[PDB]
Amino acid sequence: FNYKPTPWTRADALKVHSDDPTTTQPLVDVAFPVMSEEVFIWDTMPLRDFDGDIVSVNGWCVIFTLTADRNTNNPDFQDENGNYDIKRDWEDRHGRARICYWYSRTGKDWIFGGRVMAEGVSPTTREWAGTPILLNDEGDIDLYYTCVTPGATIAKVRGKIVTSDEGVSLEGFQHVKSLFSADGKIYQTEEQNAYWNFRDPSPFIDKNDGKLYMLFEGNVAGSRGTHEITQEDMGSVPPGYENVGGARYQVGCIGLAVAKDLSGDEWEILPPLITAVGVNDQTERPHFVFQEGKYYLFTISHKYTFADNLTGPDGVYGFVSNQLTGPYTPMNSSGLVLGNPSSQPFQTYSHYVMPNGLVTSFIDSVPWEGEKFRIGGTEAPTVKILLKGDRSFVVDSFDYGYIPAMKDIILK
Ligand SMILES: OC[C@H]1O[C@@](CO)(OC[C@H]2O[C@](O)(CO)[C@@H](O)[C@@H]2O)[C@@H](O)[C@@H]1O
Ligand SMILES: [Zn+2]
Ligand SMILES: [Zn+2]
């Protein structure tokens, strides 16, 4: 606990630039293909090891997805004229979220595997995002995920992957351990704020101290509307930029916890690494890339969760430090790493930057015709970025849902 969070300040957010082609996702084809007519996917969680490397097993790449049925022929998802309401179906998906797995030898053209957990295993019906960790070369996996409604609880469930020449099976994801919820002194609770953010575990082992940590999305503790916007939250804003409007309502942070030992069954909540008080309510899906001795800390956020008199695109923001606990500097001087183009501002979401520079996202909403839009619920084209010191550059584009492994684990 002997470090201070690094604030992402109003001054930093004033540097955010939409449509910088070095930090903008290429336009999604409005005629994009869909990976499944039966299911929607969104948040995609590649199988990884404790350092962030994407791993295949016996040559099979694996992804875990937040997943819901498409209610195309479900009377309950017809409007008053009896027609399928894809918008209502898509916006309802959060309440229906389940974690499923897919597999592929190529890192694309994913084969559907089905549910990770049998219905009823998850303490909450909703299964929200986290990270699947391959623990060893015996195929043991810990899926860290979020249990939502009632409350918001980071949890884990341990199972096994089995492979053959024809595919992959997941087995034994039967026992969920609840790890922790918001505490109220460091991280905001439901009691303090009905709209509190607490989700998306991303565990890692730090070789500098050998300890098992996790990132997660939180908010800074305190009753909704009471937070002080400090000079450190402002940063060095220019003349005329002192009016923050209702910015005290935006209190996102990247939380950190440490495991009592490497089993990861017991956790100690620590101060956050990044705070965005007066800047953004949502620093979602925090994840590291460890490169050239540096800590690259990425988080996803929304245009519409910026505080008054700031703005930026939906997409991936990031920070870099030489030390786990900071100080951090914003990537590309503003924080923005990969934003949606302003002509298709909601085309993709849940950007996830992998250590190979590949960034996956799902297709959300693309402008279609007049005021119509197309809903995705399918993978977006993967983007490749280069990380160079405290800057990033878009340098290539790949197929829809291309998420190759960085190394292949041979099971024993
Ligand atoms: O009906 C609109 C609704 O359907 C989807 C299904 O993916 O789009 C279908 C729409 O896309 C084309 O196939 C073009 O690619 C059209 O021929 C068809 O009408 C959703 O994306 C959309 O919300
Ligand atoms: Zn590794
Ligand atoms: Zn082993």
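Can you tell me which residue is farthest from ligand 1 (Cβ to nearest atom) among those in the stretch 80-112 that are touching a strand residue (DSSP E or B) at 6+ places or on another chain (Cβ under 7 Å) and of a type in the set (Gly, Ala, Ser)?
Within the stretch 80-112, the match that is farthest from ligand 1 (Cβ to nearest atom) is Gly107.
Among the candidates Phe50, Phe64, which residue alone is in a loop (DSSP other than H, G, I, E, B), in contact (Cβ under 8 Å) with a residue 24 or more places away in the chain and either within 16 Å of ligand 2 (Cβ to nearest atom) or buried (at least 22 other Cβ atoms within 10 Å of the Cβ) (or both)?
Details: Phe64 fails: in a loop (DSSP other than H, G, I, E, B).
So the residue among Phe50, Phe64 that is in a loop (DSSP other than H, G, I, E, B), in contact (Cβ under 8 Å) with a residue 24 or more places away in the chain and either within 16 Å of ligand 2 (Cβ to nearest atom) or buried (at least 22 other Cβ atoms within 10 Å of the Cβ) (or both) is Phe50.
Counting only residues that are among the aliphatic types (A, V, I, L, M), closer than 25 Å to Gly222 by Cα and in a strand (DSSP E or B), how many does the stretch 273-305 have? Full working, then the answer.
Of the residues in the stretch 273-305, the ones among the aliphatic types (A, V, I, L, M) are 273-274, 276-277, 279, 289, 297, 300.
Right, trim to closer than 25 Å to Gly222 by Cα and you get 273-274, 276-277, 279, 297, 300.
Those still in the list that are in a strand (DSSP E or B) too: 273-274, 297, 300.
Counting residues in the stretch 273-305 that are among the aliphatic types (A, V, I, L, M), closer than 25 Å to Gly222 by Cα and in a strand (DSSP E or B) gives 4.
Go through the stretch 90-120 residue by residue and tally those that are of a type in the set (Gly, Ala, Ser) and within 19 Å of the chain's Cα centre (by Cα).
Residues of the stretch 90-120 that are of a type in the set (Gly, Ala, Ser), as a first pass: 95, 97, 104, 107, 113-114, 118, 120.
Filter once more, keeping what is within 19 Å of the chain's Cα centre (by Cα): 95, 97.
Qualifying residue count, the stretch 90-120: 2.
So that you can scan it fast, the table gives a plain yes or no per residue for (1) within 16 Å of ligand 3 (Cβ to nearest atom); (2) in a strand (DSSP E or B); (3) more than 18 Å from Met214 (Cα to Cα):
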| position | (1), (2), (3) |
| --- | --- |
| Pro123 | no, no, yes |
| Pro132 | no, yes, no |
| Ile141 | yes, yes, no |
| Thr146 | no, yes, no |
| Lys160 | yes, yes, yes |
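Report every pair of residues separated by at least 6 positions or lying on different chains whose Cβ atoms are under 6 Å apart, first residue within the stretch 105-130 and over 22 Å from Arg199 (Cα atoms), second surrounded by fewer than 17 Cβ atoms within 10 Å (Cβ to Cβ) and not small (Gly, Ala, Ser).
From residues that are over 22 Å from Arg199 (Cα atoms), the pairs are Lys108/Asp399.
Quick check: anything in the stretch 34-47 assigned to a helix (DSSP H, G or I), surrounded by fewer than 18 Cβ atoms within 10 Å (Cβ to Cβ) and more than 23 Å from the chain's Cα centre (by Cα)? Lay out the reasoning, then the answer.
First, pick out the residues of the stretch 34-47 that are assigned to a helix (DSSP H, G or I): none.
No, that holds for no residue.
Determine the pairs where a residue that is hydroxyl-bearing (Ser, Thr, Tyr), located within the stretch 210-222, has a partner that is part of a strand (DSSP E or B) with Cβ atoms under 8 Å apart, the partner being 6 or more residues away or on another chain.
Listed by first residue and then by second, the contacts come to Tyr213/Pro203; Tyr213/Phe204; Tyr213/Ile205; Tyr213/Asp206; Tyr213/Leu256; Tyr213/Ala257; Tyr213/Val258; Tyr213/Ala259.
Let me confirm something: among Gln192, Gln174, which residue is part of a loop (DSSP other than H, G, I, E, B) and buried (at least 17 other Cβ atoms within 10 Å of the Cβ)?
On the way: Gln174 fails: buried (at least 17 other Cβ atoms within 10 Å of the Cβ).
Exactly one of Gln192, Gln174 is part of a loop (DSSP other than H, G, I, E, B) and buried (at least 17 other Cβ atoms within 10 Å of the Cβ), namely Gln192.
Wholly within the stretch 306-412, which strands (runs of 3 or more DSSP E) include no fewer than the required count, namely at least 2 residues that are away from ligand 3 (no atom under 16 Å from the Cβ) and among the aliphatic types (A, V, I, L, M)?
Where strands (runs of 3 or more DSSP E) fall fully within the stretch 306-412 and carry at least 2 residues being away from ligand 3 (no atom under 16 Å from the Cβ) and among the aliphatic types (A, V, I, L, M), they are 315-321, 336-339, 358-367, 381-388, 391-400.
Do we find a residue being touching a residue at least 24 places away in the same chain (Cβ under 8 Å), farther than 25 Å from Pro201 by Cβ and of a type in the set (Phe, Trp, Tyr) anywhere in the stretch 333-349?
Within the stretch 333-349 (the criterion being touching a residue at least 24 places away in the same chain (Cβ under 8 Å), farther than 25 Å from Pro201 by Cβ and of a type in the set (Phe, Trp, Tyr)), the answer is yes, since at least one residue qualifies.
Every residue, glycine as well, gets a Cβ built from its backbone with ideal geometry; the counts of neighbours run over all protein chains shown. Each value in this text was obtained by applying a stated rule to the coordinates, not by laboratory testing.
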